[PDB]
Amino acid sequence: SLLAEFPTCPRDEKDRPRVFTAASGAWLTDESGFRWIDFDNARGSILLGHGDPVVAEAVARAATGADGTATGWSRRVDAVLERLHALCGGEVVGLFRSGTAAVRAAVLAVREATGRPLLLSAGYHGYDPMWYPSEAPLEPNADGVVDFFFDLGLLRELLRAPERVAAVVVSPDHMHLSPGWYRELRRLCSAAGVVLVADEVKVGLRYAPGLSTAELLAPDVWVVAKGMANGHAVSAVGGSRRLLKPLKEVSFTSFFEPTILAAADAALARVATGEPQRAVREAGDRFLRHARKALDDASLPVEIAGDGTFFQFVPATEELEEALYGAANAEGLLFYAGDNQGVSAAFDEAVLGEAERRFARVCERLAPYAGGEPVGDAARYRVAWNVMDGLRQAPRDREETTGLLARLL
């Protein structure tokens, strides 16, 4: 207990972190020698697979100084910028050292550029205190952030006074929000004349070789990170020259560190082909068909939201959800507990076959829960909240919305 932070990671029954010695492709080794198949994948930042051979060679080389120096510019800086710009659009691009740092810099630049105070937010934007919850729903926090919890009725209300709004900033979820959700969000922002920031730290580059919301939102500013460097310490922002002009005041010491630029340039190259995204979709979709039949044949009341790119178990009770991850653990399948499961491209037939096999065995372990009452909406809203930090799309009136927020906050 030297560690001052509480990092999100695999934890065991005593909530102590699982210690992993090694990993390659889709497989992990733990400290007891027990081997796992990884559906966490550093929260979906491992798009390609652990230890990816070709990224590894580019990073190993950069470490020797052969591609440049942390002292200053290298043409790999130009290549990473150029790639991102091609993939995501906009006029300008900036690089940062986490998703957190990127989203904060982007929204503060917009606030400065527009001269307006309030940020209207849905979703998680990172650990920084600027995003901490207000004393009550719909009121601005200490840093001028109002959370609207992906409720478009609440957003529409807020946008009836757009003079005070620097930007709307949204973290997509494609498991729990439909395409028409996003189009309504875009229509409302455009009618109000308000800047739209897509926080694609998680979803950017994974659904497509580009922004998952490039056409759905056509955002004024974007942020990506998890998809861009197979796990390495980099994020990016882009959009219009005028709104990001304040980013000119950003500099940081490690900006030119070559191994990160190596990893980003290698990983982005594949990202740009479409293939790893196809492979993950196709692979996790295979695994999903299989998992859904196994839960069904087993009479287990667990729905699965989403798709091969990201999916989430939605069990009918919290008891069952815990048992589920209990059994998965017992079988060497590493899920990100309660959150979204994101396979990597290292999910070939061998892995899929074993994972399917290990999932059947999870269903076997779970047979005491066979025939429980099927999934209701309270479970769906609970489980979606854990992944999105706000409300899944479903029909509701204002009273229902208010009740949900009271319950879940």
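Residue numbers run from 1 along the displayed sequence.
When the C-alpha B-factors of 266-274 and 193-201 are averaged, 266-274 comes out higher. Between 46-54 and 378-386, the higher mean Cα B-factor belongs to 46-54. You'll see in the entry that, of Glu184, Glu249, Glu322, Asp339, the Cα B factor peaks at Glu322. Per the deposited coordinates, the residue with the largest Cα temperature factor out of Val165, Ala233, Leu177, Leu243 is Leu243. Per the deposited record, the Cα B-factor of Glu331 falls in the highest third when ranked against the other modelled residues of its chain.
In this PDB entry, the Cα temperature factor of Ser212 sits in the bottom third of its chain's modelled residues, the lowest group.
Among all modelled residues in this chain, the alpha-carbon of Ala406 has a temperature factor (C-alpha) in the highest third. In the PDB entry, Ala22 places in the middle third of its chain by CA B-factor. Split the chain's modelled residues into thirds by C-alpha temperature factor. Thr114 is in the highest one.
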